[PDB]
Amino acid sequence: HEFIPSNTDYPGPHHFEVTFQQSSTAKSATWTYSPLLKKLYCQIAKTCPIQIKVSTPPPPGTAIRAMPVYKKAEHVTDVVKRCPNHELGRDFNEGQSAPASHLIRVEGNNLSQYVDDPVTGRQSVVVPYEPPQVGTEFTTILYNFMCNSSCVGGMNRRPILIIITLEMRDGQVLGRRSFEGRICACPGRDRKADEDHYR
Amino acid sequence: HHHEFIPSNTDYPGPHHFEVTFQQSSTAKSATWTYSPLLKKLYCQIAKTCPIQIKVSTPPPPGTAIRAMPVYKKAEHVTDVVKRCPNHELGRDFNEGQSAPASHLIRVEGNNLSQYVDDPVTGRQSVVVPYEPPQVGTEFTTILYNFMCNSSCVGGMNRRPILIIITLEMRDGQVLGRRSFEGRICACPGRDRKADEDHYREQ
Amino acid sequence: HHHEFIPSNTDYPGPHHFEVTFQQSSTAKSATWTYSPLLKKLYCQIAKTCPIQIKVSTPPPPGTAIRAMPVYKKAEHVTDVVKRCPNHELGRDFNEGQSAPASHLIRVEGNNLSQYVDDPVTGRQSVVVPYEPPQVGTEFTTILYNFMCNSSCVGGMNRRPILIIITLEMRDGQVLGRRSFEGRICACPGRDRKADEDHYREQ
Amino acid sequence: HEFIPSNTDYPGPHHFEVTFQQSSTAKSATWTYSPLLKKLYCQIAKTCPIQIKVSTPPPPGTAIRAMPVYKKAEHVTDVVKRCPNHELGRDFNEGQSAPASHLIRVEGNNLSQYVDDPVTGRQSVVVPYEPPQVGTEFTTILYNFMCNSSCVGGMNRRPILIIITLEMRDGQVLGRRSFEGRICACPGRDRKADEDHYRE
DNA sequence: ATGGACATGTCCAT
DNA sequence: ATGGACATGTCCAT
DNA sequence: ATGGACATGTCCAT
DNA sequence: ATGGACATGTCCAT
Ligand SMILES: [Zn+2]
Ligand SMILES: [Zn+2]
Ligand SMILES: [Zn+2]
Ligand SMILES: [Zn+2]
Numbered sequence: 112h113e114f115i116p117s118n119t120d121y122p123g124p125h126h127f128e129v130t131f132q133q134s135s136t137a138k139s140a141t142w143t144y145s146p147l148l149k150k151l152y153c154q155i156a157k158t159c160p161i162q163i164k165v166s167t168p169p170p171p172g173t174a175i176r177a178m179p180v181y182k183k184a185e186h187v188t189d190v191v192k193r194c195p196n197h198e199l200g201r202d203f204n205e206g207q208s209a210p211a212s213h214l215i216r217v218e219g220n221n222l223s224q225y226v227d228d229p230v231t232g233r234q235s236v237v238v239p240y241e242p243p244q245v246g247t248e249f250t251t252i253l254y255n256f257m258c259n260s261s262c263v264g265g266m267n268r269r270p271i272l273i274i275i276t277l278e279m280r281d282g283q284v285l286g287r288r289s290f291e292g293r294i295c296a297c298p299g300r301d302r303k304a305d306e307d308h309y310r
Numbered sequence: 110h111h112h113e114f115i116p117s118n119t120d121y122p123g124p125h126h127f128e129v130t131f132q133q134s135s136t137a138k139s140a141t142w143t144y145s146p147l148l149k150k151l152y153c154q155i156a157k158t159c160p161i162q163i164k165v166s167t168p169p170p171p172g173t174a175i176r177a178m179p180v181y182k183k184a185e186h187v188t189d190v191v192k193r194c195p196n197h198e199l200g201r202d203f204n205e206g207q208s209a210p211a212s213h214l215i216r217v218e219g220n221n222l223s224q225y226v227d228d229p230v231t232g233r234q235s236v237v238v239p240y241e242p243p244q245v246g247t248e249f250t251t252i253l254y255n256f257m258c259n260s261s262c263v264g265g266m267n268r269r270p271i272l273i274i275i276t277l278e279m280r281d282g283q284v285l286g287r288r289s290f291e292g293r294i295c296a297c298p299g300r301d302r303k304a305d306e307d308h309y310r311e312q
Numbered sequence: 110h111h112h113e114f115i116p117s118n119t120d121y122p123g124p125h126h127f128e129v130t131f132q133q134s135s136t137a138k139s140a141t142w143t144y145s146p147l148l149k150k151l152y153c154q155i156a157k158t159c160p161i162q163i164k165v166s167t168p169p170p171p172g173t174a175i176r177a178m179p180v181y182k183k184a185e186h187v188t189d190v191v192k193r194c195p196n197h198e199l200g201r202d203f204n205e206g207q208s209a210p211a212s213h214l215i216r217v218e219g220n221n222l223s224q225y226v227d228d229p230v231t232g233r234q235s236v237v238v239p240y241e242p243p244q245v246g247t248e249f250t251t252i253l254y255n256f257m258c259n260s261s262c263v264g265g266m267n268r269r270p271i272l273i274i275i276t277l278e279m280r281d282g283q284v285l286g287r288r289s290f291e292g293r294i295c296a297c298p299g300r301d302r303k304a305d306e307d308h309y310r311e312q
Numbered sequence: 112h113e114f115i116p117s118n119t120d121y122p123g124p125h126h127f128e129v130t131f132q133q134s135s136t137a138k139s140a141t142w143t144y145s146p147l148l149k150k151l152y153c154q155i156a157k158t159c160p161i162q163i164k165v166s167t168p169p170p171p172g173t174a175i176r177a178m179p180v181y182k183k184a185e186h187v188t189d190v191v192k193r194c195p196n197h198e199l200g201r202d203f204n205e206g207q208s209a210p211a212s213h214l215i216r217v218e219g220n221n222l223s224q225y226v227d228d229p230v231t232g233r234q235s236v237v238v239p240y241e242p243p244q245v246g247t248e249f250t251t252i253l254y255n256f257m258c259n260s261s262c263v264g265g266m267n268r269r270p271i272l273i274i275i276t277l278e279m280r281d282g283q284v285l286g287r288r289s290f291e292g293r294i295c296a297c298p299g300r301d302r303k304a305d306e307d308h309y310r311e
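Protein chains in written order, with the deposited numbering: chain D, 112 to 310; chain C, 110 to 312; chain A, 110 to 312; chain B, 112 to 311.
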């Protein structure tokens with residue numbers, strides 16, 4: 112289907128807000144988020160956490176879906192999926208139940224449920240809203256990406272962007288944040304290059 | 110106990126003094142392909158046409174054929190079979206409009222009688238062709254090989270050094286000749302070759 | 110009342126049967142102009158008098174006139190206004206001794222009542238001339254046109270082809286008909302013409 | 112409207128040697144010089160390198176001036192201007208703050224001055240001496256050729272040679288060096304103009 | 001005024 | 001870049 | 001073709 | 001987990 116995913120930032124009546132724990136002057140860790148460019152840099156397959164704040168508590172049945180999209184209008188249609196090589200590839204595959212096919216996995220929550228919607232094809236990952244445990248904390252999820260942005264036959268260097276959706280108990284959406292991302296072996300030397308290069 | 114189909118590296122000049130020689134190449138960096146006689150590495154590019162001068166003093170027995178088969182140069186990889194990275198295999202490109210099996214890595218551009226052998230005892234891929242007399246040309250007789258995966262492809266070769274093996278055979282399958290060399294499918298064979306010739310030219 | 114932004118193309122003979130007959134073409138190889146009814150497109154050389162017969166089944170409404178406006182053949186380039194290449198426009202040649210604007214491409218050679226218009230809304234350059242009835246033992250009204258830049262000119266047509274629109278209209282402008290055709294201001298129409306028919310008569 | 116310019120070849124105090132990039136066998140690069148015919152063939156609007164040498168070093172105010180001239184006697188007086196079409200076309204000007212009517216442009220040195228004699232008319236491009244690479248390369252420059260020798264309204268295909276005058280601070284010439292040139296759409300071809308030389 | 005040869009430029013694959 | 005087919009206009013003789 | 005810049009990733013000593 | 005050299009392919013202009 113020539114269906115294209117919705118990507119506007121929905122605050123949420125609950126002012127659903129997505130943010131990144133801040134890096135205190137770090138160079139080349141596993142990941143890094145640049146507010147400077149509103150795109151994060153997570154080295155492939157490595158874990159990566161994204162924090163979640165809100166305004167008012169979300170009804171029961173509430174979950175959130177991390178979904179990937181190619182940013183440039185060319186391949187916006189073309190769905191984001193794992194490159195032939197990796198998908199197939201014995202490592203980070205064997206033993207691991209999470210579909211070999213997808214790009215976004217949720218190492219951490221076992222209940223975290225994937226999806227491969229037949230209607231569109233746009234596969235993804237979900238888990239229901241866990242309130243922060245100790246009080247006015249922020250629910251955080253562990254994500255990890257199974258293919259660099261460079262992966263050929265895969266994303267294929269095409270700049271992708273992520274759409275995290277706070278959703279109903281059914282499928283409806285009450286708020287969603289997005290941002291670009293890029294899988295680099297050395298995220299950082301890349302962000303550093305990015306900023307410095309332009310402004 | 111008899112028929113061993115694990116490839117045989119060391120080369121056998123044979124009873125017709127088998128010799129696999131080259132033609133000069135566009136020493137220019139981007140050259141489709143280029144040979145480094147010294148380092149004895151053939152530098153060819155993906156799917157681009159690479160020729161290989163082959164001759165013998167006396168003529169080979171009716172039925173004679175030629176086989177080119179890929180073998181990982183490193184021994185910790187020797188075991189592994191050289192199959193075009195599943196990436197390309199599954200690629201719809203370079204495969205459509207071809208009789209040549211995309212599963213394979215080495216192809217023969219030009220010979221209508223090209224037979225792509227796929228060993229069912231060892232699982233070794235390769236390509237065989239009838240021997241072909243050098244009609245009016247200098248002794249050299251040429252085969253036109255193509256390489257469908259960069260030695261740098263992932264899943265597949267994965268930067269692993271491959272060493273090519275050209276064999277001389279009887280319909281019997283029996284071997285009369287054999288010669289070999291290191292190959293590296295890349296972009297910029299020139300660059301790459303110079304590079305290597307100066308690590309050695311260095312020490 | 111000349112309301113269509115982009116010049117109106119598709120044919121309309123109208124009430125008074127409107128027909129644009131092409132005089133017997135100087136078949137000759139380097140003819141000033143020669144007309145291929147085949148490709149229903151003609152070839153005048155540059156500025157050499159090019160006539161065109163014009164027939165009509167009944168008498169046209171007093172004050173009616175004929176309009177010749179040049180328009181590019183394909184949309185890829187259609188929005189542009191067929192203005193003379195600035196070389197010629199700015200020319201010192203065929204600039205002087207002209208009632209017609211160096212800017213204009215088409216001129217009515219010989220009508221002491223010729224008229225060049227420049228649509229202040231669209232930017233259309235054309236040339237209107239009052240209708241005048243066919244006369245002695247003839248049913249054709251004849252107007253002789255001129256073309257001030259061959260397709261090869263740079264500042265203007267840069268090899269891009271165009272269609273001519275002989276419009277038939279009320280003084281207020283309202284059209285009573287129109288006929289068109291591809292034109293190529295060349296040198297060597299006889300040649301050019303056959304060549305076109307030939308690079309096509311096969312497939 | 113005026114008298115011609117200084118046409119001869121002047122070596123000068125400092126043996127001001129003008130020369131080209133020697134070639135490996137090239138068939139159609141952007142340009143090429145034919146020693147047999149003392150003329151160059153740059154493709155229109157293309158990059159074109161002129162190599163220079165001297166002997167002793169030139170004073171400070173030293174500049175180098177590139178100027179075009181018609182070779183054909185009859186035409187000679189005439190101003191080597193840019194073709195009408197080209198001058199003012201969809202074709203580039205904005206990217207070239209450089210005059211849109213002067214034929215020889217200097218793609219590179221952002222100090223190069225394009226002048227038009229108010230007396231003669233002669234448009235020409237100037238830039239001060241740039242000592243080698245302080246290395247050996249002997250200060251080569253970059254020339255760009257707005258219009259073909261074919262483009263009309265302009266050169267209207269009449270042979271031209273371009274004198275390069277190394278000049279003083281004031282305006283004196285210490286070294287002049289000329290040679291014919293032909294902005295061909297494929298310099299590859301005038302390889303056979305030299306063929307038509309030994310055509311006999 | 002006429003047709004053919006040449007002159008110069010554009011488009012194209014590797 | 002690097003030749004090779006063709007687009008197009010001009011010169012030269014008839 | 002062609003070479004030069006450069007995009008993105010692997011290998012390392014700490 | 002940090003900074004650095006290099007491996008490799010692609011892009012761009014030529
Ligand atoms: Zn991948
Ligand atoms: Zn591959
Ligand atoms: Zn014109
Ligand atoms: Zn011009």
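Quick reminder that beta carbons are idealized off the backbone N, C-alpha and C, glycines included.
Distances from the CA of A/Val-180 to each of A/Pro-243, A/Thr-119 and A/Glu-278 were compared; the closest alpha carbon is that of A/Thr-119. Not a single heavy atom of ligand 2 lies less than 8 Å from the C-beta of A/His-197. If you ignore the 5 residues before and after D/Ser-166, its C-beta comes within less than 6 Å of the C-beta of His-125 and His-126, all in its own chain and listed in chain order. Closest option to B/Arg-201, judged by alpha-carbon separation, among A/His-110, A/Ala-304 and A/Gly-265: A/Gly-265. Contacts with chain B (Cβ-Cβ distance below 7 Å) from the region 192-219 of chain A involve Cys-194, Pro-195, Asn-196 and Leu-199, listed in chain order. As computed with DSSP, B/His-213 is found in a beta bridge with B/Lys-192. D/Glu-198 is classed as buried because its beta carbon has at least 16 other beta carbons within 10 Å across all chains shown. Distance from the Cα of C/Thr-231 is smallest, within the candidate group C/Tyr-240, C/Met-178 and C/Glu-205, for C/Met-178. For D/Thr-130, the CB contacts under 7 Å within the same chain, skipping 5 residues up- and downstream, are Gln-162 and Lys-164 in chain order. Apart from the 5 residues on each side of it in sequence, D/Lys-192 sits with its Cβ closer than 8 Å to the Cβ of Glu-198, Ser-212, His-213, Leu-214, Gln-234 and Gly-265 in its chain, given in chain order. For ligand 2, a non-hydrogen atom lies closer than 8 Å to the CB of C/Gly-265. In the displayed model, D/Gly-246 falls within coil according to three-state DSSP, outside both helix and strand. For A/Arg-268, no alpha helix (DSSP H) encloses it, and the DSSP letter there is neither H nor E.
Cβ proximity to chain A below 7 Å picks out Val-263 and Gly-264 from the region 262-273 of chain B. By a beta-carbon distance limit of 8 Å, A/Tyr-225 contacts A/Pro-210. Their separation comes to about 5 Å.
Comparing C-alpha distances from B/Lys-149 to each of B/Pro-122, B/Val-190 and B/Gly-292 shows the shortest one belongs to B/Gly-292.
Assignment of B/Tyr-309 by DSSP, reduced to helix, strand and coil, places it in the coil class. Distances taken from the Cβ of B/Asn-204 to the heavy atoms of ligand 4 include none shorter than 8 Å. Non-local C-beta neighbours of B/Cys-297 in its own chain, meaning closer than 8 Å and more than five positions away in sequence, comprise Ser-139 and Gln-154, ordered along the chain. Contact between D/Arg-216 and D/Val-236 holds: their C-beta atoms lie close to 7 Å from each other, under 8 Å.
With a cutoff of 8 Å, D/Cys-194 counts as near ligand 1, since its C-beta is closer than that to a heavy atom of the ligand. For A/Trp-142, the beta-bridge partners assigned by DSSP are A/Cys-153. Taking the Cβ of B/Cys-258 as the reference point, at least one heavy atom of ligand 4 falls within a distance shorter than 8 Å.
No heavy atom of ligand 3 is found nearer than 8 Å to the CB of B/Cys-262. By the neighbour-count criterion, in which 16 or more other beta carbons inside 10 Å mark a residue as buried, B/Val-245 falls on the exposed side. The Cβ atoms of B/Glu-278 and B/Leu-285 sit closer than 9 Å to each other.
Distance from the CA of A/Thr-188 to the CA of C/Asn-196, rounded to the nearest whole angstrom, comes to 46 Å.
Under the DSSP definition of a beta bridge, B/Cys-159 partners with B/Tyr-254.
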